[PDB]
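Commentary on secondary and tertiary structure
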Amino acid sequence: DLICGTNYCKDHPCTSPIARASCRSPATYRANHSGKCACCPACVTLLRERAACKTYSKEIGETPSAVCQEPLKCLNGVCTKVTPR
């Protein structure tokens, strides 16, 4: 679990970043998605509630391009409606 301080990616820059111009819909560009602390851009796919998902943790470097559609979270391997409190 490698703390992702505001300047982490300055020390660990994206080495082979994709361009925004390269993502093809329905996939969409995100400036900070892939790699440890999400230093790399990605063309991402969004998943619906209940759909299966792989764990996403940038703190950990586990950064699948297919992610739950915000504010859904991947819990127990399923895109889950979390409502805080």
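What counts and what doesn't
- Residues numbered from 1 in each chain as written, not as in the entry; some residues may be left out.
- Heavy atoms only, no water.
- Pairing = 2+ DSSP bridges.
- Helix = DSSP H or I, 4+ residues; strand = E, 2+ residues; numbered from the N terminus.
- Axes fitted to C-alpha atoms, helices over the stretch in contact; angles between N-to-C directions.
- Buried < 20%, exposed > 50% of the residue type's maximum accessible area, 1.4 Å probe, protein only.
- Salt bridge = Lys/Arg side-chain N within 4 Å of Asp/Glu carboxyl O.

As recorded in the PDB header, X-ray crystallography is the method behind this entry, and the stated resolution is 2.10 Å.

**Side note on the sheet that holds strand 3 (residues 66-68)**
Taken in spatial order, the 3 strands line up as 1-2-3 in an open sheet, and their pairing is mixed. The open sheet has two edge strands, strand 1 (28-34) and strand 3, and neither has a second partner. The average undirected angle you get between the axes of adjacent strands in this sheet is 60°. Where strand 2 (residues 40-47) meets strand 3, 3 bridges bridge the pair, whose relative direction is parallel. When the sheet's bridge partners are listed, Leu47 is paired in strand 3 with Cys68.

**Remarks on unusual backbone geometry**
Put simply, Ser25 and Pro26 share a cis peptide bond, and its omega is 15°. One can find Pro26 in the loop between helix 1 (8-11) and strand 1. Each neighbour pair has its own omega, and for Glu70 with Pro71 the value is 5°, a cis peptide bond. One can find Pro71 in the loop between strand 3 and strand 4 (73-75). One non-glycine residue, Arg50, adopts positive backbone phi at about 85°. Here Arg50 lies in the loop between strand 2 and strand 3. Among the residues examined, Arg50 registers a relative accessible area of 62% and is labelled exposed.

**Some points on the pattern of salt bridges**
Scanning the model with the defined rule gives 3 salt bridges in all. Salt-bridge contacts for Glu70 lead to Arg30; the nearest nitrogen and oxygen are separated by 2.8 Å. Here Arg30 lies in strand 1 and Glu70 lies in the loop between strand 3 and strand 4, a separation of 40 residues in the sequence. Linking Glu49 and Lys81 is a salt bridge whose minimum nitrogen-to-oxygen distance equals 4.0 Å. Taken as a pair, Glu49 in the loop between strand 2 and strand 3 and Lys81 in the segment after strand 5 (78-80) lie far apart in primary sequence, 32 residues in all. Look at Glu49 and you get partly exposed, because its relative accessible area is 33%.

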